[PDB]
14 protein chains.
Amino acid sequence: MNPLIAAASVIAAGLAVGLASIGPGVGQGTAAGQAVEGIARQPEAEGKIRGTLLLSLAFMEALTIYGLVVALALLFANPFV
Amino acid sequence: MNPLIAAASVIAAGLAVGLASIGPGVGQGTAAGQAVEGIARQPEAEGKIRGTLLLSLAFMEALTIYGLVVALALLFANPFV
Amino acid sequence: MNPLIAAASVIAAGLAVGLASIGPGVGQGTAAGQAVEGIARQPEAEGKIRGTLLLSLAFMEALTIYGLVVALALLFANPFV
Amino acid sequence: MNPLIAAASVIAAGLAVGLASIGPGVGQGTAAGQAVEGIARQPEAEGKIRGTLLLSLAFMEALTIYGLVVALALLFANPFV
Amino acid sequence: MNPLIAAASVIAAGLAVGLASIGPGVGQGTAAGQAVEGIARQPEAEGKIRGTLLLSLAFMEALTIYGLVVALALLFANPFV
Amino acid sequence: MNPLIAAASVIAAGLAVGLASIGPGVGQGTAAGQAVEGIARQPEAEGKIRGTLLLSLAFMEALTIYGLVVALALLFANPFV
Amino acid sequence: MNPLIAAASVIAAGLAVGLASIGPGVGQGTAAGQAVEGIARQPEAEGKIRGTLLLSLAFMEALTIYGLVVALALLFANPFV
Amino acid sequence: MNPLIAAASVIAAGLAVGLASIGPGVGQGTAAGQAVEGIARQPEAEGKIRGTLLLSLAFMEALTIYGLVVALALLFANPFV
Amino acid sequence: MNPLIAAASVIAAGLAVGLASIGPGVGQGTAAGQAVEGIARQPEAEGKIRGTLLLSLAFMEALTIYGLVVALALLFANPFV
Amino acid sequence: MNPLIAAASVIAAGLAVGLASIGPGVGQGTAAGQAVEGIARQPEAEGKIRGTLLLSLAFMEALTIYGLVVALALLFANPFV
Amino acid sequence: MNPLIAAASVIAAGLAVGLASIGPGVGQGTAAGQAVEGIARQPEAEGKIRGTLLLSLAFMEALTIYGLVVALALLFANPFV
Amino acid sequence: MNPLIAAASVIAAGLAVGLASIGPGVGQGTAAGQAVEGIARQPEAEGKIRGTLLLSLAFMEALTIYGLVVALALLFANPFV
Amino acid sequence: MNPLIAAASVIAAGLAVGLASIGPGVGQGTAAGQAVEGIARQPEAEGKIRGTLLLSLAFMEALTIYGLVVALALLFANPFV
Amino acid sequence: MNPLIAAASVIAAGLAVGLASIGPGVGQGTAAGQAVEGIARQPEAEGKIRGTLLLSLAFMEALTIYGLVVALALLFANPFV
């Protein structure tokens, strides 16, 4: 009853943060890999490449942070428990 | 009964935000990777490349935000609890 | 009974929006990646490339929006609860 | 009992629209990606390429719409509830 | 009892239409992608390419339509409910 | 009891037609893709290519039709209900 | 009891025919794809290519037919019901 | 009890034949694909290529037949029912 | 109770033979594919290629036969039923 | 009751840290691999390459650390137990 | 009770031998494929290639045999039944 | 009750350490593979390559160690049992 | 009770040895394949190649042996039964 | 009670060691494969290549050993049984 909501909440938190890193994890690697390959091919373009990569890493990091925010909400701002 | 709806809601929220980052995570990486590869090959085209990438990252970020919106609705604007 | 329908509805909503971004997420990345690669190779064709990409991103975004619409219907226009 | 049909219906709706975007999502991206690559290689063929792509996107969009139609039928034209 | 058949039927309908688009979704994208690549390489062959593609898209669309037909039968021509 | 057979039958039908399109879906796309690529490379061989493709599409379509036949048998020629 | 065997039988039939097309579906596509690619490269070898392909398609079709045979046996020659 | 053995047996039969075609399905396609590619490249070697392919197809077909044999044994030579 | 051992045994048999063909199926195809590609490239080496392939097919066939042996033992030499 | 929340919490912790390393694990490898490939091709660019890689590894490491933080919170800062 | 151990044992045996062939199956194919490719490219190196392949096939076969040994132990040398 | 927390804890520990090696396992291999390829291509760059690889291996090893730490905490610093 | 521990132990043993061969199976194949490819390209390097391969096969074999050791411990050195 | 903890512990041990070899198995193969390819291309660099590979194999072996350590702890240093 009262325990079920809390039990469901902690499971939801684990799933939220756990699953949220799978896509962005693979994606950040793909971006970063082509970035350093680009720098090796065109060292003078490091600034342009690093700038575009950082922008990209931020967009992908945000995806996982949405998962963290929900997990933290389920633990420390839970409106049902 | 009353606990089951809340329990289901928090699980649904975790799933919504967790699953929603898998595709866009991989996708943003693919786009970002070819972007920095393009910049390395054609540094003078950085502006055009960064512009088209940012447009693409926004479309893909939105996919995951739909998941976040539903999760936030299930937690803080729940119509059944 | 009455709780089961609501419980099923919130789970369905989470699944609907969560699953709906997997394909379009990967797809938008593939399209966007080849778009910026194309711009790097042929900067003069940016307009034609961006036009075709935007059309494609819209078709793929719609796929996930169908998921969002059903999720929002299950939460805020539920005909069974 | 009476709630089981409605509960099954909302789950079915979520699955129908959620799963239906996975294939067409990936597919539309593949098509759109080769389309913009083609335009970059042969800008004079934009019309032919855009025409064939649009035809293809429609065929793939329909696949997911079948899922949406069933989901909407399960929610708003349910013959068992 | 009477509810179980209806409950099973709506789940079956969702699965039928949902799963049926995964393969044809990916397939149509592969075909369409090589079609527009072919048009870019050989614009004079557009007619032959579009003809063969359309034939292929129809064969693949049919695969998913079999799923839709069964789903519609389970909802609106159910012989057990 | 009596409802279980009908309930199992509709689930079996959904699975049969749903799963049966996954392989042939991907396969038809692979075949069709190389077909249009071949036509672009060798337009004079369209007839030979279209002939072999049609034969191949039929073999792959049959795979999914076996699924449809079983589904239709489970719904409209069920020997247990 | 008596219903359980029939219920298990129809599920088994659906699984048998459904799963049996996944491998052969992908396989037939791979074979057919390289066949039409071969015809495009070497049109004079169409006969040899089509002959070897047909042999291959038969071997792969048989794999799925084993699934159909078991499904038909479970439905119409069931030794337990 | 008595029904459980028969129920388990039919499920086992479906799984046995269903799963047994996944690997050999993909494998036969890989072999057949490289065979027709080889014939296109070296038409004079058709006999040698077809001979080695047929040997390979037999070894892979046998893998799935082991599944069929067990399924047929579970249905028509069951020592427990 | 008493039926549980027999019920578990038939399920185990189905799983044993079903799963055992997945790896060797894919593997035999990979080996056979490169074998016929090798024969096309170097027809004079057919004997050496066929010899090494046959050795390899035997090692891979054995993997699945271990599954068949256990399945046959569970059905016809069961020490617990 | 009191045990269920603790039981759910430890499971959630395991899932959180376990799942959170899958994506970043693959991603860090992709980035690091292209980094050392880049250094081999352009040894003079080691500094630029190492700098961009380290930035990327930090972004990807953070993804998994979010999982660790939630796990540690569930164990040692649990607000429900 | 007494039946549960035997029931668990036969399931364990099926899983042990079934799962144990997946990796080695794919692996042996990869090794054998590059072996025959090598022989085609360098027929004079057949002896060296066959020797290294046989060593490799033995190491991979052993992986699956560990599964067979445990399965046979669970059936015919079970210390708990 | 008291056993459930301990039972959940040991399962969580197994999952934590088991799952945590999947990503970093694949990743470390990718990095190490390109490292030795780089050394072969540019032996004079061994030091730079080994330095960047070691940094990368540490970042990836840490991912799995987070899993080990949680597992060890669940076993030997469990705050709920 | 007493049967549950033994039942869990035999399942654990099957899983341990079954799952433990998946990675090392694929890995040994990758290593062995590049080894024989290397020998074909550089027959004079057979000794160096075979030596490094054997070292690698041992490291990968050990991974699966850890699984066998645990399985054998669960069967023949079980501390709970 | 006492049996549940022991039962959970042996399952956890099997999962821990079983799953822990999947990633490192694939990874070690990737590294070892490129190592022997490198030796074939640059036999004079064997020492440098073998050194970097061994370092890498150790890092990857450790990943699986963490799984073995937890499994051994669950069996022979269990703090709950």
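Observations, loosely collected:
- Scope the stretch D:25-42; condition charged (D, E, K, R) and either touching a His at 6+ places or on another chain (Cβ under 8 Å) or crowded, with 21+ Cβ neighbours inside 10 Å (or both); matching residues: D:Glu37
- Listed conditions (1) among the β-branched types (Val, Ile, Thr); (2) within 7 Å of chain G (Cβ to nearest Cβ); (3) without any contact (Cβ under 8 Å) to a residue 60 or more places away in the chain are all met by F:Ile5, apart from (3).
- Within the stretch F:14-38, being of a type in the set (A, V, I, L, M, F, W, C) and at the interface with chain G (Cβ under 7 Å from one of its Cβ atoms) holds for F:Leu15, F:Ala16, F:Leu19, F:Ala20, F:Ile22, F:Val26, F:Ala31, F:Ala35.
- Scanning the stretch A:50-78 for residues that are of a type in the set (A, V, I, L, M, F, W, C), within 17 Å of J:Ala58 (Cβ to Cβ) and out of contact with any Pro (no Cβ under 6 Å at 6 or more places or on another chain) yields a count of 9.
- Any hit, the stretch B:9-23, residues being closer than 18 Å to A:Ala31 by Cβ and not β-branched (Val, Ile, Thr): yes
- Scan of the stretch M:43-79 for residues that are over 16 Å from M:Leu15 (Cα atoms), facing chain N (nearest Cβ under 7 Å), crowded, with 19+ Cβ neighbours inside 10 Å and more than 14 Å from the chain's Cα centre (by Cα), ordered by number: M:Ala45, M:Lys48, M:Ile49, M:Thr52, M:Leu53
- A single member of M:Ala32, M:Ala12 is closer than 25 Å to I:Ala16 by Cα and over 14 Å from the mean Cα position of the chain (by Cα), and it is M:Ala12.
For (1) closer than 28 Å to A:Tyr66 by Cβ; (2) without any contact (Cβ under 8 Å) to a residue 12 or more places away in the chain; (3) small (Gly, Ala, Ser), each residue gets a yes or a no:
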| residue | (1), (2), (3) |
| --- | --- |
| J:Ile11 | yes, yes, no |
| J:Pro24 | yes, no, no |
| J:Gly27 | yes, no, yes |
| J:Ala45 | no, yes, yes |
| J:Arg50 | no, no, no |
| J:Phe59 | yes, yes, no |
| J:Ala73 | yes, yes, yes |
| J:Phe76 | yes, yes, no |
| J:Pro79 | yes, yes, no |
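- For the stretch N:63-81, the set of residues classified as touching a helix residue (DSSP H, G or I) at 6+ places or on another chain (Cβ under 7 Å) and of a type outside the set (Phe, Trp, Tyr) consists of N:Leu63, N:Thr64, N:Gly67, N:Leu68, N:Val70, N:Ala71, N:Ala73, N:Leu74, N:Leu75, N:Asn78, N:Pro79, N:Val81, listed by residue number.
- Positions within the stretch G:47-81 being over 30 Å from I:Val36 (Cα atoms) and among the β-branched types (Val, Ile, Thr), in sequence order: G:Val69, G:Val70, G:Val81
Cβ: placed from backbone, ideal geometry, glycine included. Neighbour counts: every protein chain shown. Any read-out appearing in this document is the output of simple, stated calculations on the displayed coordinates, not a laboratory observation.
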